[PDB]
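Trainee: sequence, then the experimental structure. Questions to follow.
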Protein chains: 2
Amino acid sequence: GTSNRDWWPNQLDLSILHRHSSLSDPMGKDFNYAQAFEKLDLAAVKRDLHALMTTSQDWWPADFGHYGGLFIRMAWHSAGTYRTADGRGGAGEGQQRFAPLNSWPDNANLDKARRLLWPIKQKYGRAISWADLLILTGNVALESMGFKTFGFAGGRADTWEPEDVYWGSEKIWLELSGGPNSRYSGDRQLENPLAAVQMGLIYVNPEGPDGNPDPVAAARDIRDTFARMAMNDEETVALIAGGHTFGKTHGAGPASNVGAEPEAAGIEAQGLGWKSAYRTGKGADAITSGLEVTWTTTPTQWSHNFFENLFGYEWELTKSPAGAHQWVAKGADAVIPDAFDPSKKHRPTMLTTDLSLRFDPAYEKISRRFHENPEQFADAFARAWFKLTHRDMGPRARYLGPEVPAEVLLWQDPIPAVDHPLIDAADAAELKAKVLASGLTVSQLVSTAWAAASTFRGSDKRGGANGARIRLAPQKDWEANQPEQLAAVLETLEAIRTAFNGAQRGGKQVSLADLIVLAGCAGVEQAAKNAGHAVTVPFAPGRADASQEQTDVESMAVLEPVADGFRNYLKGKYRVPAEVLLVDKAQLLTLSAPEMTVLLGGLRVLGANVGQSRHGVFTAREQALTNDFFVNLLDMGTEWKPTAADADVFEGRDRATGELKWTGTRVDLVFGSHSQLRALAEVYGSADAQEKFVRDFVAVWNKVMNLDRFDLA
Amino acid sequence: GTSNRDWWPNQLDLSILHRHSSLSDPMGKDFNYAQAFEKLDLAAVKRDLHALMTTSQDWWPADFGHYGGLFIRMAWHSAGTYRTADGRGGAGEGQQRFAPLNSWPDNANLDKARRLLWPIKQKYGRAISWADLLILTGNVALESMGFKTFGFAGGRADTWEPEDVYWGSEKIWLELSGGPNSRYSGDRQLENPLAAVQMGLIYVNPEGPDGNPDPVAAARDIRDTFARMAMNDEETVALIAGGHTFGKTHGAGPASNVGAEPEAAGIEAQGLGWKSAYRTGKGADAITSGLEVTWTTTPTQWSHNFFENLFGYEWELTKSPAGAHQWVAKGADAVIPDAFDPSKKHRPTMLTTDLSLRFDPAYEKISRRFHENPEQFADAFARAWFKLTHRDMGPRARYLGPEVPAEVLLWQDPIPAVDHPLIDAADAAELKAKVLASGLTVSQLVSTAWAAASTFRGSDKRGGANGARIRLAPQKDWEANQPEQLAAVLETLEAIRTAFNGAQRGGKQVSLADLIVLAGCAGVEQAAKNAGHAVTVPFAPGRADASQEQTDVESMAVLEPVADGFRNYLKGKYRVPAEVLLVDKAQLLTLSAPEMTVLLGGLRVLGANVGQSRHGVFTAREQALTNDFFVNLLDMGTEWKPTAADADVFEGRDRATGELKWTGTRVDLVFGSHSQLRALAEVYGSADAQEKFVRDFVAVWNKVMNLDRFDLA
Ligand code: HEM
Ligand code: HEM
Ligand code: NA
Ligand code: NA
């Protein structure tokens, strides 16, 4: 059936803002996963997972009698889709069980791993999500094999449909770089926001870059991709060597034996895929990646044998039975056990990417240290494993259950505990009046609070106004935040704060984080009043102020908004049209299309644009909260044309006189062009809509102010 | 950006079940359009519409100084997408303003007509939907030009995103038949559910079939398409001749002058399209279809000149200025006025499809009768216009406002007014006990109520249990309804009814319609009791029994469920896979995926399958309401394979012994295959879900029983 996507393949797609509706959700509207999980008998679940590790099923026999390696790989791929650039991917929503990730080539046979878990999932039901189970199972695997984890948090709620993620533009799975949809340009520059070298891989090609078995070159891809998943060199080495302490790869026969991935398989395969015509098709004959490497002499026990082997032998380039490049230890004895035949042993083997850990000079140093001091290796790996598997979970307030580690880690963007009474409704009305009496304008107040709150992204639950990190490096210096103007607003607000806090009893005080948001609330209330409306903007206190020392400046760089359509801002020129960047930002803020529409139309007339740009400011009463954006945008008496100077800026002229009335960007005019957005703009641009516009604006403003408020969940 | 649709273009699409969520809706949850409309000052709206008719805008000047003809076309296209096969299309959701219909070639320049209405839409706001406005405008245009309409009903609620409709498989706009995705096969057989001859046309090609200007052959397409939009020969003739009493076509210059349709146009076009480089691009130079025909001597007034011209001249084949085939009156004077230049007149002209009304023999007779008896033409056209523009509105109880015609028409599937007291809760308990004491089984009770209620479709709001039409021709004879078994259940229910009604006082009685539904409710209660649960199923009385004479047997044929996955029924072999037909049926029933899932798993174990097929009956306690379907479907101890005899039937065997445990169809197994459906099945197949299964099943059962209950809405 031909679809709108077929006819108009470059039209903006709004359906990403309307996923995860209550329609698609099988749980009741009141279902609260955290409360279900808090009553889970986690210990009982872990005992069952422990038994499962050594209970082989005949439909996918356990290598060495132990599923531990398979489940570690399962949990590392669940987490390993994560990208720091947008926060999308990762383990936090259990997306491995949906398309496309369930059918990526790098996820081959993890369908088997998930199916082995069904009996436990079924036993415990809604009290443990798939998302949480995947990770837990990886932890229990590590534990069953002698490795002490750093901890575990539950609370990843299950999702019920595929997430909309840009994974690349290639039309061919695993396409080598340099094709018509190359993810690479320049000197091997991987396009943002991607974090894998080929479509359908987690990070890198285990044979080497585009299949070239050079460990030195492979190290460069490893460092790049892993950095793009928020891991530095120490973490990266700890993770790869840690992981490859266990289990094995599967390449027993030619890859052409392997059938359709799960989304393409026949209905009778019942959600499984990669059915193999090679011999028994499983167990000793398994084919997964096409490589056939077993790293250690005890694949089902934690050890330091990965680095003993890596450094203790010289390595020779060879081929697996499927024809993949891989490496074998020169002159070695047959010391590695066979996965199924107790009478066979094999020589030590490695992947090209394993050898990177020795032949890249910076890795080599860390690898040597870990070799010489395997207790440091153990600790770095435990920490990296926790980070990897929790990096997208958000603030510590979301962490559930009895195994949460008490140590606070810098990567968590931590927020200190609140240890004093909070302001009440009377205090909030007093602080709003002081803020307005200071002479800060509607536009400054709205802009500052917008800047603080709108760093939130729902993809990994980073950012937001909690912490008052806007006052710290690097936020205070981002161009979108107008550093000079921001500093003056913050200095006035801090004097207000100091005077309020100095006047209190019983330890009551207000944080700057809370006051920045509250002051924005006063902006919006005043703007409403300037328009003849009496409204109270809701406000919830309880934010706390983080220090500079609790704020990793490099990790915060990925939250910089290089595009923010809500402030009509684009830092440079990109290949993605600005309206597409608007919808992307809306999705990260968890907004629907109506919310995005209302929000943007309001922000325009409040003066939230960066640099005081008049683009899209379609009102003659700036700083009054009215629906003027929509009434004026939709006025057919105005005709619009791209300017000579800039095709992305448009002049709106009176159709009869030619007089210049307004200017706007693509982000402004999309609301009068796109047929679905214009239908929304019509609702708010109607003569009966001013009260609705004000109410809906205040609601979405409050929603944005609270996005990171998991302490109130 | 490569999507799941790109990777797996034949995968079932569930997102059609989760369209129109509260996420995409700009109105509050509680917005009730009927109530807004009932307060609209309709008289004031119609005054404003009357003024608009002759208020020419320079950006799209009015032909002859009067937009009436353009607005009639605009309303007839709004309505004219309707297909009787599925009820999809029509005017009832205002979908002309969304993709793809906003940009179909047959809808060219109706973007201008809709933009002309914006100031009125804006003025009256949510109190009049676009959907209602487009139709009302067509009525007002007719009225402004001297034609008395049969009436008007409001109540078409606006929608906020494109409807999911199969419009064809062609990848080229207007593709002629016989291409790789031909909608035609055999002796010009149009595939169901399509009701147009080319992709992007309303009904037929105005030049003739595939562009061949044979009026007789064109008549065959007109009769077939129009029958597929629920119109017979008399209605068809009255509509085409009525419509083409007004206005003109637009073909002043070559079509290559005309640019991008709205969805492809630049952002500066602000939602409009087909911008033309021919001369002024509008008014006297307008190009819309490429034809250049003005039918009557008074294009802005109702007249009887269409048929005078059609029969009064002989016609000669010629070409418009754009090169299109069209007809000119042999030897005629220049009597037709020019749309802009008072000093020009033109000869009478016609389309090939107009000439069909004279050269098809069956049409010719109607056309003559209308020519000789103009009052019959007038009345037939008024009636057919009301029908065309209300055919997808559903039962009369949804009709709003002061112009609703009092006459009840056969095509409305009318239901008599209730004129007696209704049964109360005591009476319902008494009737349920009688139904259970009669010996009717759970399977009979459920199957019959399912059969009665599940004819509803939300596309045009036809069908459902009201009316008790299951007891009449043709429903009583449909194979999916099991005529013999249905008759025995109905006869028992009717004796129950007779004895209950014979015992009452005042005039209380129960309808058969109500008793069929109630009896189904008792079945579900009994099934629940068979499983150890104490459940009361909600029931709302007030359905009435329609007569045979109130039930058009031909128009009812399109509600026959040739595919009903809920009863594991497929009447023949189709080119669409059965799981796709299941999702299609669920959409028409207004079900979400979780609802479809729960519903189907329950029906299977209650014995609702046609013919007592054991396919999907995965339980050893049939007629007990349990989640066995899910627990057994997801049991990995069973392996499935398509049978040798039939690739659409699967055998589920013990993995260890090879013993046969079950059989199933594609509809059954899809719930264990598709990754989103399987996620849903997991919820209901978990150990904690038997109570949630039972309660969600009752809720969705009740929902289906009430789909048509607009008397309670
Ligand atoms: C440069 C990074 C990495 C590459 C190229 C890589 C590559 C691979 C490949 C190709 C396989 C074999 C799949 C098969 O045929 O079954 C595999 C297995 C495995 N990897 Fe990795 N990997 C990397 C990092 C990691 C990390 C970070 C972890 C976990 C901390 C991990 C844990 C595992 C485990 C446990 C297995 C064994 C699976 C089994 O026993 O079935 N790997 N790896
Ligand atoms: C065989 C069925 C029909 C065919 C092929 C057909 C075809 C067309 C075409 C090609 C145009 C010219 C479009 C343009 O260039 O502007 C048109 C105009 C129009 N049609 Fe039809 N028509 C059909 C039936 C109807 C019906 C059922 C109605 C209304 C009851 C209707 C009312 C009109 C009106 C009022 C116009 C004039 C538009 C204007 O003045 O701007 N037609 N028709
Ligand atoms: Na994420
Ligand atoms: Na419809």
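Mentor: All right, it came through fine. Residues are numbered from 1 along each chain as shown, chains lettered A, B, ... in the order given. Ligands and ions are numbered 1, 2, ... in the order given.
Trainee: ok, residue A:671 to chain B distance?
Mentor: Per C-beta to the nearest C-beta, to the nearest Å, residue A:671 is found 10 Å from chain B. Where C-beta positions appear, they are placed from N, C-alpha and C, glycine not excepted.
Trainee: now do the contacts for that residue.
Mentor: Applying C-beta atoms under 8 Å, 6 or more residues apart in numbering or on different chains to residue A:671 gives the contacts A:597, A:600, A:601, A:630, A:633, A:677, A:678, A:680, A:681.
Trainee: from what I can see the first one touches residue A:700, true?
Mentor: Right, the one you point to is residue A:597. No: Residue A:597 lies out of contact with residue A:700 (C-beta atoms under 8 Å); the separation is 9.4 Å.
Trainee: neighbour count: these two, which is higher?
Mentor: A direct count of neighbours by other C-beta atoms under 10 Å in any protein chain shown for residue A:597 and residue A:700 places residue A:597 higher, at 26 against 22.
Trainee: does the more buried one lie in a helix or a strand, and which?
Mentor: Using DSSP states H and E, residue A:597 sits within helix A:593-606.
Trainee: that helix and chain B in contact?
Mentor: Yes: using C-beta under 8 Å from any C-beta of the partner chain, helix A:593-606 reaches chain B at A:593, A:594, A:597.
Trainee: now those residues in CSV, with distance to ligand 1?
Mentor: Listed next are these as CSV, based on distance: C-beta to the nearest ligand atom, whole Å:
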residue, distance to ligand 1
A:593, 38
A:594, 42
A:597, 42
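Trainee: quick check, nearest of those to chain B?
Mentor: Of all the residues of helix A:593-606 next to chain B, chain B sits closest to residue A:594, with 4.1 Å by C-beta to the nearest C-beta.
Trainee: residues in contact with the closest one?
Mentor: Residues in contact with residue A:594, defined by C-beta under 8 Å, 6+ apart, are A:680, A:683, A:696, B:24, B:25, B:26.
Trainee: cross the residues you listed against helices and list the overlap.
Mentor: By the criterion of DSSP state H, membership of the contacts of residue A:594 in helices covers A:680, A:683, A:696.
Trainee: can you give me the domain boundaries for chain A?
Mentor: Here the domain parsing of chain A from curated CATH domains is A:1-167+A:373-407, A:168-372, A:408-564+A:689-713, A:565-688.
Trainee: check whether the second one contacts ligand 1.
Mentor: Read it as domain A:168-372. Yes: Domain A:168-372 is in contact with ligand 1 by C-beta under 6 Å from any ligand atom, via A:203-204, A:206, A:222, A:239-240, A:242-244, A:246-250, A:288-289, A:291, A:353.
Trainee: number of residues surrounding residue A:83?
Mentor: That count, for residue A:83 with other C-beta under 10 Å as the rule, works out to 25.
Trainee: without its sequence neighbours, what residue ends up closest to it?
Mentor: Counting by C-beta to C-beta, 6 or more residues apart in numbering or on different chains, residue A:83 lies nearest to residue A:195, which is 4.2 Å off, once chain neighbours are set aside.
Trainee: ok, which of the domains of chain A comes nearest ligand 4?
Mentor: With C-beta to the ion, the closest approach to ligand 4 among the domains of chain A belongs to domain A:1-167+A:373-407: 16.7 Å.
Trainee: is it true that residue A:321 touches residue A:250?
Mentor: No: judged on C-beta under 8 Å, residue A:321 makes no contact with residue A:250 at a distance of 10.4 Å.
Trainee: who has more neighbours, these two?
Mentor: Legend: neighbour count by other C-beta under 10 Å for residue A:321 and residue A:250, higher for residue A:250 (26 against 15).
Trainee: the contacts of residue A:671: which two are farthest apart?
Mentor: The distance between the two most remote of the contacts of residue A:671 (C-beta to C-beta) is 13.4 Å, for A:600 and A:678.
Trainee: of those two, which one has the most company?
Mentor: Per other C-beta under 10 Å, whichever of residue A:600 and residue A:678 has more neighbours is residue A:600, with 26 against 21.
Trainee: how near is the closest residue to that one other than its chain neighbours to residue A:663?
Mentor: Once flanking residues are discounted, residue A:600 sits nearest to residue A:566: 5.6 Å by C-beta to C-beta, 6+ apart. According to C-beta to C-beta, to the nearest Å, residue A:566 and residue A:663 sit 18 Å apart.
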